[PDB]
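Encoded as structure tokens, the following chain is the form deposited without its partner chain, with no partner shown.
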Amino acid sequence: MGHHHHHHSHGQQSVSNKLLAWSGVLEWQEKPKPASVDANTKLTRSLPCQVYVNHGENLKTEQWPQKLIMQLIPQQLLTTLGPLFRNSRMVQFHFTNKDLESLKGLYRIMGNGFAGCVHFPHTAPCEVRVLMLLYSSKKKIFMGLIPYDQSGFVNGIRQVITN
């Protein structure tokens, strides 16, 4: 896809003062039923999401893909991963504007007490495998906890897959 008309300039206030590290598409599958069929042609949602790091942050990003895949799981079960949310790198997702209707879909999902495990493809020679997207209904910002652990966090998410 030769993107001739490439889009630019979306630095609307949502953070206090953070720098833009990454800008690409976050796509996921909604889980409306624990049993039906669950294949392609389900509830597919996708937004242009922006990852803001804290100015001189260790995260170089760069080699990260133009698109990441996210997993909708109940936030009830994440309470078991207590230390895995404390040993993490807290960043913010602007989602390029906050008034999108597919984004109001994501406000609805996480408003029902759900969360989004963002599983990365091939990014860079050792950096980020996975992070947890957690919307703050308090401060109206989307959070991204990157556990410096990574591997043991995945083992937790594997057990949360059940049902």
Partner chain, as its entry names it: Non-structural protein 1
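Positions refer to the first chain, counted from 1.
There is another form of the same protein, the form deposited with its partner chain bound; it is not shown, and what comes next is about it.
Undergrad: Is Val91 close enough to its partner chain in the deposited complex to count, meaning some heavy atom within 4.5 Å?
TA: Close contact is absent here: in the deposited complex, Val91 is far from its partner chain, nothing within 4.5 Å, heavy atoms only.
Undergrad: According to a 4.5 angstroms non-hydrogen atom cut-off, is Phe114 in contact with its partner chain in the deposited complex?
TA: Looking in the deposited complex, residue contacts with its partner chain include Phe114, since a heavy atom lies within 4.5 Å.
Undergrad: Does its partner chain come within 4.5 Å of any heavy atom of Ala124 in the deposited complex?
TA: Taking the distances in the deposited complex, the answer for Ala124 is no, it never comes within 4.5 Å of its partner chain.
Undergrad: Counting only non-hydrogen atoms and a 4.5 angstroms cut-off, does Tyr135 reach its partner chain in the deposited complex?
TA: Close contact exists here: in the deposited complex, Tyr135 approaches its partner chain to within 4.5 Å, heavy atoms only.
Undergrad: Establish, in the deposited complex, whether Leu72, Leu145 and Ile161 all lie within 4.5 Å of its partner chain, using non-hydrogen atoms for the distance.
TA: All three within 4.5 Å in the deposited complex.
Undergrad: With its partner chain taken in the deposited complex, which residues across 72 to 102 come within 4.5 angstroms through any non-hydrogen atom?
TA: The stretch 72 to 102, when checked against its partner chain in the deposited complex, contributes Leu72, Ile73, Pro74, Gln75, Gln76, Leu77, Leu78, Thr79, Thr80, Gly82, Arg86, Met90 at the 4.5 Å heavy-atom cut-off.
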